[PDB]
>>> print(open('final-v3.pdb').read())   # PDB, C-alpha atoms
ATOM      1  CA  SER Z   2     -32.067  -3.854   1.462
ATOM      2  CA  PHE Z   3     -32.102  -6.210   4.434
ATOM      3  CA  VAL Z   4     -30.839  -5.326   7.887
ATOM      4  CA  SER Z   5     -27.771  -7.558   8.351
ATOM      5  CA  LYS Z   6     -25.092  -5.622   6.441
ATOM      6  CA  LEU Z   7     -26.742  -2.405   7.590
ATOM      7  CA  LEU Z   8     -26.398  -3.673  11.135
ATOM      8  CA  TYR Z   9     -22.768  -4.658  10.560
ATOM      9  CA  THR Z  10     -21.936  -1.152   9.383
ATOM     10  CA  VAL Z  11     -23.941   0.709  12.037
ATOM     11  CA  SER Z  12     -22.679  -1.650  14.773
ATOM     12  CA  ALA Z  13     -19.045  -1.226  13.783
ATOM     13  CA  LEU Z  14     -19.594   2.523  13.464
ATOM     14  CA  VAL Z  15     -21.551   2.905  16.730
ATOM     15  CA  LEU Z  16     -18.781   0.973  18.465
ATOM     16  CA  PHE Z  17     -16.366   3.304  16.651
ATOM     17  CA  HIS Z  18     -18.297   6.333  17.927
ATOM     18  CA  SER Z  19     -18.515   4.823  21.409
ATOM     19  CA  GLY Z  20     -14.779   4.477  20.926
ATOM     20  CA  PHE Z  21     -14.291   8.169  20.178
ATOM     21  CA  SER Z  22     -16.632   9.037  23.073
ATOM     22  CA  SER Z  23     -14.635   6.814  25.409
ATOM     23  CA  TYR Z  24     -11.497   8.300  23.860
ATOM     24  CA  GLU Z  25     -12.458  11.789  24.935
ATOM     25  CA  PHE Z  26     -13.780  10.877  28.389
ATOM     26  CA  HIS Z  27     -11.006   8.420  29.371
ATOM     27  CA  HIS Z  28      -8.155  10.439  27.893
ATOM     28  CA  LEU Z  29      -9.533  13.427  29.788
ATOM     29  CA  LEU Z  30      -9.982  11.149  32.827
ATOM     30  CA  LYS Z  31      -6.218  10.846  33.393
ATOM     31  CA  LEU Z  32      -5.059  13.938  31.497
ATOM     32  CA  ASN Z  33      -7.444  16.142  33.478
ATOM     33  CA  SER Z  34      -6.228  14.237  36.542
ATOM     34  CA  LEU Z  35      -2.771  15.688  35.846
ATOM     35  CA  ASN Z  36      -4.323  19.126  36.298
ATOM     36  CA  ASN Z  37      -5.644  17.907  39.676
ATOM     37  CA  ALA Z  38      -2.221  16.407  40.562
ATOM     38  CA  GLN Z  39      -3.051  12.850  39.472
ATOM     39  CA  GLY Z  40      -6.644  13.472  40.555
ATOM     40  CA  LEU Z  45     -20.393   9.950  32.861
ATOM     41  CA  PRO Z  46     -19.101   6.390  32.479
ATOM     42  CA  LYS Z  47     -22.670   5.165  33.039
ATOM     43  CA  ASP Z  48     -24.365   6.284  29.811
ATOM     44  CA  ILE Z  49     -21.104   5.337  28.057
ATOM     45  CA  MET Z  50     -21.664   1.844  29.442
ATOM     46  CA  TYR Z  51     -25.328   1.826  28.432
ATOM     47  CA  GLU Z  52     -24.561   2.814  24.842
ATOM     48  CA  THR Z  53     -21.796   0.207  24.870
ATOM     49  CA  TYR Z  54     -24.271  -2.510  25.842
ATOM     50  CA  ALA Z  55     -26.512  -1.240  23.057
ATOM     51  CA  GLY Z  56     -23.608  -1.610  20.641
ATOM     52  CA  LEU Z  57     -22.693  -5.115  21.768
ATOM     53  CA  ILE Z  58     -26.273  -6.386  21.712
ATOM     54  CA  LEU Z  59     -26.838  -4.848  18.282
ATOM     55  CA  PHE Z  60     -23.627  -6.351  16.844
ATOM     56  CA  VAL Z  61     -24.679  -9.728  18.231
ATOM     57  CA  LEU Z  62     -28.053  -9.226  16.550
ATOM     58  CA  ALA Z  63     -26.182  -8.206  13.405
ATOM     59  CA  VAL Z  64     -24.449 -11.538  13.050
ATOM     60  CA  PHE Z  65     -27.742 -13.488  13.136
ATOM     61  CA  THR Z  66     -29.401 -11.864  10.134
ATOM     62  CA  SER Z  67     -26.444 -12.834   7.955
ATOM     63  CA  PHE Z  68     -27.923 -16.339   8.481
ATOM     64  CA  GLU Z  69     -31.211 -16.845   6.638
ATOM     65  CA  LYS Z  70     -33.753 -19.624   6.391
ATOM     66  CA  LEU Z  71     -32.682 -21.550   3.320
ATOM     67  CA  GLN Z  72     -35.077 -21.183   0.403
ATOM     68  CA  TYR Z  73     -34.885 -22.814  -2.986
ATOM     69  CA  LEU Z  74     -36.537 -23.108  -6.400
ATOM     70  CA  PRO Z  75     -37.256 -26.259  -8.594
ATOM     71  CA  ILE Z  76     -34.742 -27.005 -11.335
ATOM     72  CA  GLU Z  77     -37.056 -28.358 -14.037
ATOM     73  CA  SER Z  78     -39.854 -25.812 -13.753
ATOM     74  CA  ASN Z  79     -39.646 -22.284 -15.080
ATOM     75  CA  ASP Z  80     -42.322 -20.847 -12.791
ATOM     76  CA  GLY Z  81     -41.126 -19.688  -9.384
ATOM     77  CA  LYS Z  82     -42.641 -22.465  -7.236
ATOM     78  CA  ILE Z  83     -40.307 -21.400  -4.434
ATOM     79  CA  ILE Z  84     -39.138 -24.316  -2.273
ATOM     80  CA  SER Z  85     -38.779 -23.445   1.425
ATOM     81  CA  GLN Z  86     -37.266 -25.845   3.946
ATOM     82  CA  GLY Z  87     -37.987 -23.591   6.918
ATOM     83  CA  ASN Z  88     -34.392 -24.365   7.938
ATOM     84  CA  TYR Z  89     -31.311 -22.231   8.581
ATOM     85  CA  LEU Z  90     -28.504 -24.776   8.154
ATOM     86  CA  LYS Z  91     -27.677 -27.941   6.224
ATOM     87  CA  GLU Z  92     -27.792 -31.244   8.084
ATOM     88  CA  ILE Z  93     -25.380 -34.158   8.374
ATOM     89  CA  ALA Z  94     -27.378 -37.390   8.013
ATOM     90  CA  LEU Z  95     -26.873 -38.593   4.456
ATOM     91  CA  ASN Z  96     -30.414 -39.943   4.082
ATOM     92  CA  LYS Z  97     -32.207 -36.641   4.639
ATOM     93  CA  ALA Z  98     -29.356 -34.662   3.101
ATOM     94  CA  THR Z  99     -30.061 -36.769   0.032
ATOM     95  CA  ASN Z 100     -33.674 -35.672   0.558
ATOM     96  CA  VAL Z 101     -32.962 -32.002   0.193
ATOM     97  CA  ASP Z 102     -31.249 -32.730  -3.120
ATOM     98  CA  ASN Z 103     -34.177 -34.954  -4.187
ATOM     99  CA  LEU Z 104     -36.624 -32.107  -3.621
ATOM    100  CA  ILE Z 105     -34.835 -30.943  -6.735
ATOM    101  CA  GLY Z 106     -34.893 -33.349  -9.678
ATOM    102  CA  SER Z 107     -31.095 -33.517  -9.458
ATOM    103  CA  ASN Z 108     -28.558 -36.216  -8.651
ATOM    104  CA  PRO Z 109     -25.146 -35.247  -7.185
ATOM    105  CA  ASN Z 110     -23.778 -38.352  -8.840
ATOM    106  CA  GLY Z 111     -24.548 -36.401 -11.988
ATOM    107  CA  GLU Z 112     -22.435 -37.323 -14.985
ATOM    108  CA  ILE Z 113     -22.253 -41.060 -14.223
ATOM    109  CA  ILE Z 114     -26.010 -41.208 -14.561
ATOM    110  CA  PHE Z 115     -26.250 -38.968 -17.603
ATOM    111  CA  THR Z 116     -23.136 -39.867 -19.629
ATOM    112  CA  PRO Z 117     -22.686 -36.479 -21.385
ATOM    113  CA  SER Z 118     -20.101 -37.732 -23.878
ATOM    114  CA  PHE Z 119     -22.088 -40.302 -25.819
ATOM    115  CA  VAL Z 120     -25.469 -38.558 -25.584
ATOM    116  CA  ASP Z 121     -24.476 -35.044 -26.663
ATOM    117  CA  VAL Z 122     -23.138 -35.672 -30.170
ATOM    118  CA  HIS Z 123     -26.396 -37.247 -31.353
ATOM    119  CA  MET Z 124     -28.404 -34.925 -29.089
ATOM    120  CA  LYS Z 125     -27.278 -31.721 -30.819
ATOM    121  CA  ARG Z 126     -27.928 -33.103 -34.309
ATOM    122  CA  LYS Z 127     -31.322 -34.562 -33.580
ATOM    123  CA  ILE Z 128     -32.395 -31.641 -31.393
ATOM    124  CA  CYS Z 129     -31.707 -29.072 -34.101
ATOM    125  CA  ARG Z 130     -33.659 -31.238 -36.566
ATOM    126  CA  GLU Z 131     -36.351 -31.839 -33.950
ATOM    127  CA  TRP Z 132     -36.946 -28.252 -32.971
ATOM    128  CA  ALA Z 133     -36.766 -27.273 -36.641
ATOM    129  CA  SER Z 134     -39.829 -29.486 -36.880
ATOM    130  CA  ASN Z 135     -41.246 -27.875 -33.696
ATOM    131  CA  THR Z 136     -40.697 -24.378 -35.136
ATOM    132  CA  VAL Z 137     -44.334 -24.590 -36.222
ATOM    133  CA  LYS Z 138     -45.002 -25.778 -32.654
TER     134      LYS Z 138
ATOM    135  CA  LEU V 206      22.478  57.039  22.392
ATOM    136  CA  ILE V 207      21.608  53.439  21.570
ATOM    137  CA  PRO V 208      20.980  50.739  24.203
ATOM    138  CA  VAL V 209      23.471  48.164  22.959
ATOM    139  CA  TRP V 210      23.006  45.322  25.426
ATOM    140  CA  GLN V 211      21.143  44.515  28.621
ATOM    141  CA  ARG V 212      22.000  42.476  31.701
ATOM    142  CA  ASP V 213      20.339  41.454  34.948
ATOM    143  CA  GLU V 214      22.179  40.251  38.064
ATOM    144  CA  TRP V 215      19.439  39.960  40.650
ATOM    145  CA  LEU V 216      19.850  36.182  40.291
ATOM    146  CA  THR V 217      23.348  35.879  41.711
ATOM    147  CA  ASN V 218      22.666  33.769  44.805
ATOM    148  CA  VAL V 219      19.532  31.768  45.612
ATOM    149  CA  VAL V 220      19.040  30.076  48.956
ATOM    150  CA  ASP V 221      15.681  28.317  48.772
ATOM    151  CA  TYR V 222      13.299  27.358  46.002
ATOM    152  CA  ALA V 223       9.716  26.416  45.228
ATOM    153  CA  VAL V 224       7.752  25.024  42.304
ATOM    154  CA  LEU V 225       4.700  26.341  40.461
ATOM    155  CA  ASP V 226       3.255  24.567  37.424
ATOM    156  CA  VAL V 227       1.119  25.801  34.540
ATOM    157  CA  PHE V 228      -1.772  23.981  32.908
ATOM    158  CA  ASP V 229      -4.199  24.305  30.022
ATOM    159  CA  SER V 230      -7.094  26.743  30.380
ATOM    160  CA  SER V 247     -31.261  11.605  31.506
ATOM    161  CA  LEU V 248     -29.686   8.891  29.379
ATOM    162  CA  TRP V 249     -31.818   9.492  26.284
ATOM    163  CA  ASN V 250     -30.877  13.173  26.169
ATOM    164  CA  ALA V 251     -27.278  12.098  26.774
ATOM    165  CA  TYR V 252     -27.354  10.027  23.572
ATOM    166  CA  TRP V 253     -28.397  12.935  21.378
ATOM    167  CA  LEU V 254     -26.315  15.691  22.988
TER     168      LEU V 254
END
>>> encode(input="final-v3.pdb", output="structure tokens")
Amino acid sequence: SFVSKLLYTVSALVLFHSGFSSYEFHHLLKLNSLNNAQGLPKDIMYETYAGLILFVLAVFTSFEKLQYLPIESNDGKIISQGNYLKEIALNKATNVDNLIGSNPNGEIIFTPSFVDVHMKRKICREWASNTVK
Amino acid sequence: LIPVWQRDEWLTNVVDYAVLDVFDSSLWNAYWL
């Protein structure tokens, strides 16, 4: 289990508990004042800054360096870009697809309709030959 | 005999008044406590 959703939950809950803490102190800041005829924020503030910094940290680890695998192979051969996001220039965006043996044009190149009907017949015959293989 | 009812008439004329109210009743260590 990685830290991002953990940090979301603990950050929301530590803010929630800072909330209940600030509830008690600041409700009893003006309610107790009524006892004094309308008469420790500091560590509350420090734990608050802890909560804010941790929630900010929490958002980052929901963003990971993008990591990929090759389509044709069946080994892992894990493809890392060392990059967090996906870029805008079509030339190198086309690169990150071409690291895979894929073509987002897809069907126009492959023509599934004509190929398949012969493909299924010959491939069953063909592997039936390869069953010894 | 039976005390049937009770009355109090000390309160028949008040001149002046006053009000009384009623009411209820370093950092690292702070974190844990």
>>> atom_distance(input="final-v3.pdb", atom1="CA of residue 73 (chain Z)", atom2="CA of residue 114 (chain Z)")
23.5 Å
>>> interface_residues(input="final-v3.pdb", of="chain V", to="chain Z", cutoff="10 Å", atoms="all atoms listed in the file", output="PyMOL selection string")
chain V and resi 226-229+247-249+251-252
>>> write_last_selection(input="final-v3.pdb", atoms="C-alpha atoms", output="mmCIF file, in the frame of the given file")
data_model
loop_
_atom_site.group_PDB
_atom_site.id
_atom_site.type_symbol
_atom_site.label_atom_id
_atom_site.label_comp_id
_atom_site.auth_asym_id
_atom_site.auth_seq_id
_atom_site.Cartn_x
_atom_site.Cartn_y
_atom_site.Cartn_z
ATOM 1 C CA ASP V 226 3.255 24.567 37.424
ATOM 2 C CA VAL V 227 1.119 25.801 34.540
ATOM 3 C CA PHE V 228 -1.772 23.981 32.908
ATOM 4 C CA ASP V 229 -4.199 24.305 30.022
ATOM 5 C CA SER V 247 -31.261 11.605 31.506
ATOM 6 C CA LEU V 248 -29.686 8.891 29.379
ATOM 7 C CA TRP V 249 -31.818 9.492 26.284
ATOM 8 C CA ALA V 251 -27.278 12.098 26.774
ATOM 9 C CA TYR V 252 -27.354 10.027 23.572
#
>>> atom_distance(input="final-v3.pdb", atom1="CA of residue 5 (chain Z)", atom2="CA of residue 63 (chain Z)")
5.3 Å
>>> residues_around(input="final-v3.pdb", residues="residue 13 (chain Z)", least_positions_apart="6", cutoff="12 Å", atoms="only C-alpha atoms", output="PyMOL selection string")
chain Z and resi 6-7+19-20+53+55-61+63-64
>>> axis_aligned_box(input="final-v3.pdb", around="region 208-221 of chain V", padding_each_side="4 Å", output="lines of an AutoDock Vina configuration file")
center_x = 19.6
center_y = 39.5
center_z = 36.0
size_x = 15.8
size_y = 30.4
size_z = 34.0
>>> atom_distance(input="final-v3.pdb", atom1="CA of residue 70 (chain Z)", atom2="CA of residue 84 (chain Z)")
11.2 Å
